[PDB]
file start-v5.cif (mmCIF, N, CA and C atoms)
data_final
loop_
_atom_site.group_PDB
_atom_site.id
_atom_site.type_symbol
_atom_site.label_atom_id
_atom_site.label_comp_id
_atom_site.auth_asym_id
_atom_site.auth_seq_id
_atom_site.Cartn_x
_atom_site.Cartn_y
_atom_site.Cartn_z
ATOM 1 N N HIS C 28 163.173 23.872 127.381
ATOM 2 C CA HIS C 28 162.518 22.595 127.619
ATOM 3 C C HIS C 28 161.188 22.552 126.901
ATOM 4 N N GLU C 29 160.189 22.038 127.617
ATOM 5 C CA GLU C 29 158.799 22.265 127.250
ATOM 6 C C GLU C 29 158.247 23.468 128.000
ATOM 7 N N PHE C 30 158.714 23.662 129.237
ATOM 8 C CA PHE C 30 158.195 24.719 130.095
ATOM 9 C C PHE C 30 158.400 26.093 129.473
ATOM 10 N N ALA C 31 159.571 26.322 128.881
ATOM 11 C CA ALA C 31 159.877 27.644 128.349
ATOM 12 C C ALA C 31 158.889 28.051 127.265
ATOM 13 N N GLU C 32 158.844 27.307 126.158
ATOM 14 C CA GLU C 32 157.963 27.698 125.064
ATOM 15 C C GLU C 32 156.500 27.497 125.426
ATOM 16 N N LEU C 33 156.216 26.684 126.444
ATOM 17 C CA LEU C 33 154.830 26.460 126.833
ATOM 18 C C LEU C 33 154.174 27.754 127.293
ATOM 19 N N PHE C 34 154.958 28.668 127.859
ATOM 20 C CA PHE C 34 154.449 29.959 128.303
ATOM 21 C C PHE C 34 154.848 31.112 127.396
ATOM 22 N N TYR C 35 155.865 30.935 126.558
ATOM 23 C CA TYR C 35 156.312 31.980 125.644
ATOM 24 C C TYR C 35 156.509 31.352 124.274
ATOM 25 N N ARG C 36 155.492 31.453 123.426
ATOM 26 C CA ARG C 36 155.570 30.905 122.081
ATOM 27 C C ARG C 36 156.655 31.624 121.292
ATOM 28 N N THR C 37 157.638 30.860 120.827
ATOM 29 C CA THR C 37 158.792 31.429 120.143
ATOM 30 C C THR C 37 158.359 32.024 118.811
ATOM 31 N N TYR C 38 158.781 33.259 118.548
ATOM 32 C CA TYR C 38 158.468 33.961 117.309
ATOM 33 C C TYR C 38 159.765 34.482 116.705
ATOM 34 N N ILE C 39 160.090 34.012 115.507
ATOM 35 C CA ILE C 39 161.303 34.434 114.814
ATOM 36 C C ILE C 39 161.014 35.720 114.051
ATOM 37 N N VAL C 40 161.954 36.660 114.092
ATOM 38 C CA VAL C 40 161.847 37.919 113.366
ATOM 39 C C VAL C 40 163.130 38.137 112.576
ATOM 40 N N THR C 41 162.988 38.699 111.374
ATOM 41 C CA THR C 41 164.089 38.970 110.458
ATOM 42 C C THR C 41 165.119 39.883 111.128
ATOM 43 N N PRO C 42 166.424 39.614 110.943
ATOM 44 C CA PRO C 42 167.446 40.414 111.637
ATOM 45 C C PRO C 42 167.645 41.804 111.050
ATOM 46 N N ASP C 43 166.735 42.243 110.182
ATOM 47 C CA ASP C 43 166.830 43.557 109.563
ATOM 48 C C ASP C 43 166.201 44.662 110.400
ATOM 49 N N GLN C 44 165.442 44.324 111.436
ATOM 50 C CA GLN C 44 164.737 45.310 112.236
ATOM 51 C C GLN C 44 165.005 45.061 113.713
ATOM 52 N N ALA C 45 164.972 46.143 114.489
ATOM 53 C CA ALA C 45 165.268 46.099 115.913
ATOM 54 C C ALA C 45 164.136 45.496 116.733
ATOM 55 N N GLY C 46 163.096 44.979 116.087
ATOM 56 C CA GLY C 46 162.014 44.348 116.819
ATOM 57 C C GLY C 46 160.786 44.202 115.944
ATOM 58 N N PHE C 47 159.643 44.013 116.599
ATOM 59 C CA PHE C 47 158.375 43.886 115.901
ATOM 60 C C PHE C 47 157.390 44.894 116.470
ATOM 61 N N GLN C 48 156.666 45.548 115.567
ATOM 62 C CA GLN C 48 155.693 46.572 115.917
ATOM 63 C C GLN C 48 154.297 45.971 115.871
ATOM 64 N N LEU C 49 153.493 46.285 116.881
ATOM 65 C CA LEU C 49 152.191 45.661 117.077
ATOM 66 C C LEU C 49 151.109 46.729 117.065
ATOM 67 N N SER C 50 150.016 46.450 116.360
ATOM 68 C CA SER C 50 148.875 47.351 116.260
ATOM 69 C C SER C 50 147.604 46.568 116.558
ATOM 70 N N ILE C 51 146.714 47.156 117.353
ATOM 71 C CA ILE C 51 145.454 46.526 117.731
ATOM 72 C C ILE C 51 144.314 47.466 117.376
ATOM 73 N N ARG C 52 143.124 46.904 117.195
ATOM 74 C CA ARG C 52 141.933 47.684 116.895
ATOM 75 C C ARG C 52 140.971 47.597 118.074
ATOM 76 N N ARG C 53 140.247 48.680 118.326
ATOM 77 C CA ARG C 53 139.293 48.752 119.422
ATOM 78 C C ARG C 53 137.930 49.167 118.889
ATOM 79 N N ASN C 54 136.882 48.533 119.404
ATOM 80 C CA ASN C 54 135.508 48.886 119.081
ATOM 81 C C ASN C 54 134.848 49.434 120.339
ATOM 82 N N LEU C 55 134.559 50.729 120.342
ATOM 83 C CA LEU C 55 134.011 51.400 121.510
ATOM 84 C C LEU C 55 132.673 52.030 121.157
ATOM 85 N N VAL C 56 131.777 52.091 122.137
ATOM 86 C CA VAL C 56 130.412 52.561 121.930
ATOM 87 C C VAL C 56 130.279 53.941 122.557
ATOM 88 N N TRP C 57 129.675 54.865 121.820
ATOM 89 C CA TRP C 57 129.643 56.267 122.211
ATOM 90 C C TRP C 57 128.378 56.580 123.001
ATOM 91 N N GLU C 58 128.538 57.277 124.127
ATOM 92 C CA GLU C 58 127.413 57.837 124.867
ATOM 93 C C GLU C 58 127.280 59.341 124.700
ATOM 94 N N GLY C 59 128.348 60.087 124.963
ATOM 95 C CA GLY C 59 128.323 61.535 124.955
ATOM 96 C C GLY C 59 129.568 62.109 125.598
ATOM 97 N N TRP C 60 129.932 63.338 125.238
ATOM 98 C CA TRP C 60 131.126 63.979 125.776
ATOM 99 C C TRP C 60 130.727 64.808 126.986
ATOM 100 N N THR C 61 131.425 64.597 128.097
ATOM 101 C CA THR C 61 131.068 65.197 129.376
ATOM 102 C C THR C 61 131.820 66.509 129.558
ATOM 103 N N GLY C 62 131.160 67.615 129.223
ATOM 104 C CA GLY C 62 131.674 68.931 129.544
ATOM 105 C C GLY C 62 132.169 69.740 128.366
ATOM 106 N N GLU C 63 131.660 70.966 128.244
ATOM 107 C CA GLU C 63 132.237 71.958 127.353
ATOM 108 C C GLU C 63 132.987 72.972 128.198
ATOM 109 N N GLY C 64 134.279 73.117 127.925
ATOM 110 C CA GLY C 64 135.055 74.062 128.694
ATOM 111 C C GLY C 64 135.205 75.423 128.051
ATOM 112 N N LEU C 65 134.328 76.355 128.420
ATOM 113 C CA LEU C 65 134.493 77.739 128.017
ATOM 114 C C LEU C 65 135.674 78.398 128.696
ATOM 115 N N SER C 66 136.327 77.702 129.619
ATOM 116 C CA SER C 66 137.645 78.048 130.119
ATOM 117 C C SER C 66 138.755 77.354 129.343
ATOM 118 N N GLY C 67 138.423 76.682 128.243
ATOM 119 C CA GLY C 67 139.412 76.014 127.423
ATOM 120 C C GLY C 67 139.843 74.656 127.916
ATOM 121 N N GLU C 68 139.266 74.173 129.012
ATOM 122 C CA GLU C 68 139.689 72.912 129.601
ATOM 123 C C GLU C 68 139.253 71.745 128.717
ATOM 124 N N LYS C 69 139.898 70.596 128.916
ATOM 125 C CA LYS C 69 139.741 69.451 128.026
ATOM 126 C C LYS C 69 138.306 68.951 127.982
ATOM 127 N N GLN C 70 138.027 68.135 126.975
ATOM 128 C CA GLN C 70 136.804 67.360 126.887
ATOM 129 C C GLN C 70 137.137 65.882 127.032
ATOM 130 N N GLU C 71 136.250 65.149 127.692
ATOM 131 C CA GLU C 71 136.414 63.717 127.889
ATOM 132 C C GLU C 71 135.276 62.983 127.201
ATOM 133 N N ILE C 72 135.577 62.353 126.074
ATOM 134 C CA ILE C 72 134.589 61.572 125.341
ATOM 135 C C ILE C 72 134.449 60.225 126.034
ATOM 136 N N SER C 73 133.323 60.024 126.710
ATOM 137 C CA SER C 73 133.099 58.845 127.538
ATOM 138 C C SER C 73 132.960 57.631 126.631
ATOM 139 N N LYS C 74 134.020 56.838 126.542
ATOM 140 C CA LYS C 74 134.043 55.653 125.703
ATOM 141 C C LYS C 74 134.265 54.426 126.570
ATOM 142 N N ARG C 75 133.582 53.340 126.234
ATOM 143 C CA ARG C 75 133.811 52.054 126.872
ATOM 144 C C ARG C 75 133.959 50.992 125.793
ATOM 145 N N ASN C 76 134.753 49.970 126.087
ATOM 146 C CA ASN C 76 134.986 48.921 125.108
ATOM 147 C C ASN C 76 133.715 48.105 124.912
ATOM 148 N N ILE C 77 133.506 47.642 123.680
ATOM 149 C CA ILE C 77 132.301 46.878 123.389
ATOM 150 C C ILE C 77 132.352 45.510 124.054
ATOM 151 N N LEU C 78 133.532 44.884 124.116
ATOM 152 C CA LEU C 78 133.632 43.556 124.708
ATOM 153 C C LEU C 78 133.316 43.575 126.194
ATOM 154 N N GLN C 79 133.270 44.758 126.806
ATOM 155 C CA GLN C 79 132.660 44.884 128.119
ATOM 156 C C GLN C 79 131.211 44.418 128.105
ATOM 157 N N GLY D 80 142.039 91.583 90.873
ATOM 158 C CA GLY D 80 142.950 90.653 91.512
ATOM 159 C C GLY D 80 144.332 90.628 90.900
ATOM 160 N N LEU D 81 144.485 91.183 89.698
ATOM 161 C CA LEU D 81 145.797 91.262 89.073
ATOM 162 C C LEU D 81 146.774 92.085 89.898
ATOM 163 N N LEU D 82 146.330 93.217 90.438
ATOM 164 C CA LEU D 82 147.245 94.150 91.081
ATOM 165 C C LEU D 82 147.256 93.964 92.592
ATOM 166 N N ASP D 83 146.100 94.111 93.228
ATOM 167 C CA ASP D 83 145.993 93.805 94.647
ATOM 168 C C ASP D 83 145.928 92.299 94.849
ATOM 169 N N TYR D 84 146.303 91.854 96.045
ATOM 170 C CA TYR D 84 146.227 90.440 96.375
ATOM 171 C C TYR D 84 145.070 90.111 97.304
ATOM 172 N N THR D 85 144.506 91.103 97.985
ATOM 173 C CA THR D 85 143.442 90.870 98.949
ATOM 174 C C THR D 85 142.120 90.504 98.296
ATOM 175 N N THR D 86 141.929 90.852 97.023
ATOM 176 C CA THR D 86 140.666 90.554 96.360
ATOM 177 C C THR D 86 140.429 89.055 96.244
ATOM 178 N N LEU D 87 141.461 88.289 95.893
ATOM 179 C CA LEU D 87 141.333 86.843 95.772
ATOM 180 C C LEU D 87 141.992 86.114 96.937
ATOM 181 N N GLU D 88 142.093 86.754 98.096
ATOM 182 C CA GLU D 88 142.662 86.137 99.287
ATOM 183 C C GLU D 88 141.654 86.240 100.419
ATOM 184 N N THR D 89 141.422 85.126 101.107
ATOM 185 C CA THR D 89 140.514 85.097 102.241
ATOM 186 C C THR D 89 140.808 83.873 103.096
ATOM 187 N N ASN D 90 140.340 83.925 104.339
ATOM 188 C CA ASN D 90 140.422 82.798 105.250
ATOM 189 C C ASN D 90 139.024 82.462 105.740
ATOM 190 N N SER D 91 138.646 81.200 105.571
ATOM 191 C CA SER D 91 137.352 80.741 106.055
ATOM 192 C C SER D 91 137.510 79.397 106.750
ATOM 193 N N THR D 92 138.756 78.975 106.950
ATOM 194 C CA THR D 92 139.044 77.720 107.620
ATOM 195 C C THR D 92 140.093 77.839 108.712
ATOM 196 N N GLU D 93 140.678 79.015 108.920
ATOM 197 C CA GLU D 93 141.765 79.144 109.880
ATOM 198 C C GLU D 93 141.233 79.108 111.303
ATOM 199 N N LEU D 94 141.754 78.175 112.092
ATOM 200 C CA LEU D 94 141.368 78.041 113.493
ATOM 201 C C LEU D 94 142.336 78.868 114.324
ATOM 202 N N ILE D 95 142.005 80.133 114.530
ATOM 203 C CA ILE D 95 142.827 81.049 115.313
ATOM 204 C C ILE D 95 142.167 81.218 116.676
ATOM 205 N N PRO D 96 142.931 81.383 117.750
ATOM 206 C CA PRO D 96 142.325 81.520 119.078
ATOM 207 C C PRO D 96 141.380 82.703 119.178
ATOM 208 N N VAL D 97 140.263 82.516 119.874
ATOM 209 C CA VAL D 97 139.277 83.564 120.105
ATOM 210 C C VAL D 97 139.165 83.774 121.604
ATOM 211 N N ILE D 98 139.219 85.028 122.034
ATOM 212 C CA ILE D 98 139.184 85.355 123.453
ATOM 213 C C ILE D 98 137.735 85.618 123.849
ATOM 214 N N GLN D 99 137.318 85.032 124.964
ATOM 215 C CA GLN D 99 136.034 85.331 125.579
ATOM 216 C C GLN D 99 136.302 85.949 126.941
ATOM 217 N N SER D 100 136.078 87.253 127.052
ATOM 218 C CA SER D 100 136.462 88.016 128.230
ATOM 219 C C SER D 100 135.740 87.482 129.459
ATOM 220 N N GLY D 101 136.501 86.892 130.376
ATOM 221 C CA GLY D 101 135.979 86.455 131.652
ATOM 222 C C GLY D 101 135.628 84.987 131.759
ATOM 223 N N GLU D 102 135.900 84.185 130.732
ATOM 224 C CA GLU D 102 135.621 82.757 130.815
ATOM 225 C C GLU D 102 136.896 81.933 130.703
ATOM 226 N N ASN D 103 137.693 82.196 129.671
ATOM 227 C CA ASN D 103 138.905 81.426 129.396
ATOM 228 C C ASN D 103 140.170 82.254 129.520
ATOM 229 N N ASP D 104 140.211 83.202 130.455
ATOM 230 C CA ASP D 104 141.346 84.113 130.534
ATOM 231 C C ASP D 104 142.641 83.383 130.867
ATOM 232 N N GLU D 105 142.559 82.308 131.647
ATOM 233 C CA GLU D 105 143.765 81.610 132.071
ATOM 234 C C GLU D 105 144.437 80.830 130.951
ATOM 235 N N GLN D 106 143.808 80.710 129.784
ATOM 236 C CA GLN D 106 144.452 80.032 128.666
ATOM 237 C C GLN D 106 145.415 80.926 127.900
ATOM 238 N N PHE D 107 145.227 82.238 127.944
ATOM 239 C CA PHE D 107 146.071 83.165 127.212
ATOM 240 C C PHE D 107 147.006 83.867 128.183
ATOM 241 N N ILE D 108 148.046 84.489 127.631
ATOM 242 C CA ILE D 108 148.943 85.296 128.445
ATOM 243 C C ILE D 108 148.153 86.418 129.099
ATOM 244 N N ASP D 109 148.610 86.850 130.268
ATOM 245 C CA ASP D 109 147.904 87.892 130.991
ATOM 246 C C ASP D 109 147.908 89.188 130.183
ATOM 247 N N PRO D 110 146.744 89.820 130.017
ATOM 248 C CA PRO D 110 146.680 91.043 129.201
ATOM 249 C C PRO D 110 147.503 92.187 129.752
ATOM 250 N N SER D 111 147.871 92.149 131.030
ATOM 251 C CA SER D 111 148.699 93.182 131.635
ATOM 252 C C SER D 111 150.151 93.101 131.184
ATOM 253 N N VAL D 112 150.516 92.064 130.428
ATOM 254 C CA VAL D 112 151.862 91.897 129.896
ATOM 255 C C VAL D 112 151.937 92.326 128.435
ATOM 256 N N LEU D 113 150.931 91.958 127.640
ATOM 257 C CA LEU D 113 150.861 92.317 126.235
ATOM 258 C C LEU D 113 149.454 92.791 125.904
ATOM 259 N N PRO D 114 149.320 93.950 125.265
ATOM 260 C CA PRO D 114 147.993 94.409 124.839
ATOM 261 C C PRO D 114 147.392 93.468 123.804
ATOM 262 N N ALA D 115 146.064 93.461 123.732
ATOM 263 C CA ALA D 115 145.372 92.579 122.804
ATOM 264 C C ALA D 115 145.617 93.001 121.361
ATOM 265 N N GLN D 116 145.706 92.010 120.477
ATOM 266 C CA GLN D 116 145.812 92.231 119.041
ATOM 267 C C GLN D 116 144.460 91.975 118.391
ATOM 268 N N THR D 117 144.095 92.818 117.429
ATOM 269 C CA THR D 117 142.858 92.627 116.682
ATOM 270 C C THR D 117 143.170 91.952 115.352
ATOM 271 N N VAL D 118 142.625 90.754 115.153
ATOM 272 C CA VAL D 118 142.817 89.993 113.927
ATOM 273 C C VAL D 118 141.456 89.729 113.302
ATOM 274 N N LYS D 119 141.451 89.515 111.988
ATOM 275 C CA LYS D 119 140.221 89.336 111.228
ATOM 276 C C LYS D 119 140.278 88.017 110.472
ATOM 277 N N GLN D 120 139.364 87.111 110.805
ATOM 278 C CA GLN D 120 139.170 85.860 110.079
ATOM 279 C C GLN D 120 137.790 85.934 109.448
ATOM 280 N N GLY D 121 137.750 86.089 108.131
ATOM 281 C CA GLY D 121 136.489 86.303 107.456
ATOM 282 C C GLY D 121 135.934 87.683 107.735
ATOM 283 N N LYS D 122 134.743 87.746 108.328
ATOM 284 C CA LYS D 122 134.071 89.010 108.585
ATOM 285 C C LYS D 122 133.663 89.195 110.041
ATOM 286 N N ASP D 123 134.318 88.511 110.974
ATOM 287 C CA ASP D 123 134.106 88.724 112.400
ATOM 288 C C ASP D 123 135.415 89.198 113.019
ATOM 289 N N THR D 124 135.335 90.221 113.867
ATOM 290 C CA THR D 124 136.511 90.815 114.488
ATOM 291 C C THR D 124 136.527 90.476 115.975
ATOM 292 N N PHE D 125 137.720 90.213 116.505
ATOM 293 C CA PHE D 125 137.884 89.835 117.901
ATOM 294 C C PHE D 125 139.359 89.891 118.267
ATOM 295 N N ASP D 126 139.623 89.922 119.569
ATOM 296 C CA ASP D 126 140.980 90.021 120.084
ATOM 297 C C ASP D 126 141.612 88.642 120.195
ATOM 298 N N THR D 127 142.943 88.605 120.183
ATOM 299 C CA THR D 127 143.677 87.362 120.369
ATOM 300 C C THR D 127 145.046 87.660 120.966
ATOM 301 N N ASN D 128 145.605 86.652 121.634
ATOM 302 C CA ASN D 128 146.925 86.761 122.239
ATOM 303 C C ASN D 128 147.628 85.412 122.209
ATOM 304 N N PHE D 129 148.762 85.311 122.891
ATOM 305 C CA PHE D 129 149.508 84.064 122.909
ATOM 306 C C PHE D 129 149.053 83.174 124.060
ATOM 307 N N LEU D 130 149.138 81.867 123.837
ATOM 308 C CA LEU D 130 148.833 80.901 124.881
ATOM 309 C C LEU D 130 149.990 80.806 125.868
ATOM 310 N N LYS D 131 149.659 80.574 127.136
ATOM 311 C CA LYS D 131 150.691 80.342 128.134
ATOM 312 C C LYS D 131 151.312 78.967 127.945
#

call {"tool": "encode", "arguments": {"input": "start-v5.cif", "output": "structure tokens"}}
result
Amino acid sequence: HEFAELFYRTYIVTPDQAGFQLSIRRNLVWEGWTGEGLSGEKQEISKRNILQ
Amino acid sequence: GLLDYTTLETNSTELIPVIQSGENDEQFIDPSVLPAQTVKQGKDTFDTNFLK
């Protein structure tokens, strides 16, 4: 109807591929990495999105 | 270097595990199962083993 495409914009894709692959970019601001593990444990680089 | 190969062979970029006795022991296999191996990367000597 109108209702269907009104919420899901129809996008045609070539029948040569099993779908469409999507890639996004992120801009994050760096503060510092919390913890050095001399026991080998992970590091967590504290990142937050800029649009925050 | 024509005859021996060690003259023109060296490692200065190899990231091989380094053991720190008493800090990261839980990352490597227990030494009571396999004795430590001595490996040389550049000019520093230290023990290494397999990761669990």

call {"tool": "closest_residue", "arguments": {"input": "start-v5.cif", "among": "C:44, C:50, C:37, C:66", "to": "residue 102 (chain D)", "atoms": "only C-alpha atoms"}}
result
C:66

call {"tool": "resolve_selection", "arguments": {"input": "start-v5.cif", "expression": "the PyMOL selection byres ((chain D and name CA) within 12 of (chain C and name CA))", "output": "ChimeraX atom specification"}}
result
/D:96-107,130

call {"tool": "atom_distance", "arguments": {"input": "start-v5.cif", "atom1": "atom C of residue 114 (chain D)", "atom2": "atom N of residue 131 (chain D)"}}
result
13.5 Å

call {"tool": "select_by_dssp", "arguments": {"input": "start-v5.cif", "residues": "chain D", "states": "strand (DSSP E)", "output": "list in words"}}
result
residues 116, 117, 118, 119, 120, 123, 124, 125, 126 and 127 of chain D

call {"tool": "resolve_selection", "arguments": {"input": "start-v5.cif", "expression": "the PyMOL selection byres ((chain D and resi 121) around 7)", "output": "number ranges by chain"}}
result
D: 89-91, 119-120, 122-124

call {"tool": "atom_distance", "arguments": {"input": "start-v5.cif", "atom1": "CA of residue 127 (chain D)", "atom2": "CA of residue 115 (chain D)"}}
result
6.0 Å

call {"tool": "resolve_selection", "arguments": {"input": "start-v5.cif", "expression": "the PyMOL selection byres (((chain C and resi 71 and name CA) around 8) and name CA)", "output": "mmCIF file with N, CA and C atoms, keeping the file's coordinate frame"}}
result
data_model
loop_
_atom_site.group_PDB
_atom_site.id
_atom_site.type_symbol
_atom_site.label_atom_id
_atom_site.label_comp_id
_atom_site.auth_asym_id
_atom_site.auth_seq_id
_atom_site.Cartn_x
_atom_site.Cartn_y
_atom_site.Cartn_z
ATOM 1 N N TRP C 60 129.932 63.338 125.238
ATOM 2 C CA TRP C 60 131.126 63.979 125.776
ATOM 3 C C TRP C 60 130.727 64.808 126.986
ATOM 4 N N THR C 61 131.425 64.597 128.097
ATOM 5 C CA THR C 61 131.068 65.197 129.376
ATOM 6 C C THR C 61 131.820 66.509 129.558
ATOM 7 N N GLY C 62 131.160 67.615 129.223
ATOM 8 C CA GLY C 62 131.674 68.931 129.544
ATOM 9 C C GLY C 62 132.169 69.740 128.366
ATOM 10 N N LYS C 69 139.898 70.596 128.916
ATOM 11 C CA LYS C 69 139.741 69.451 128.026
ATOM 12 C C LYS C 69 138.306 68.951 127.982
ATOM 13 N N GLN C 70 138.027 68.135 126.975
ATOM 14 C CA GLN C 70 136.804 67.360 126.887
ATOM 15 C C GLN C 70 137.137 65.882 127.032
ATOM 16 N N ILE C 72 135.577 62.353 126.074
ATOM 17 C CA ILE C 72 134.589 61.572 125.341
ATOM 18 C C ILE C 72 134.449 60.225 126.034
ATOM 19 N N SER C 73 133.323 60.024 126.710
ATOM 20 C CA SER C 73 133.099 58.845 127.538
ATOM 21 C C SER C 73 132.960 57.631 126.631
#

call {"tool": "atom_distance", "arguments": {"input": "start-v5.cif", "atom1": "atom N of residue 110 (chain D)", "atom2": "CA of residue 126 (chain D)"}}
result
11.5 Å

call {"tool": "select_by_dssp", "arguments": {"input": "start-v5.cif", "residues": "chain C", "states": "helix (DSSP H, G or I)", "output": "list in words"}}
result
residues 30, 31, 32, 33 and 34 of chain C

call {"tool": "residues_around", "arguments": {"input": "start-v5.cif", "residues": "residue 76 (chain C)", "least_positions_apart": "5", "cutoff": "8 Å", "atoms": "only C-alpha atoms", "output": "list in words"}}
result
residues 53, 54, 55 and 56 of chain C
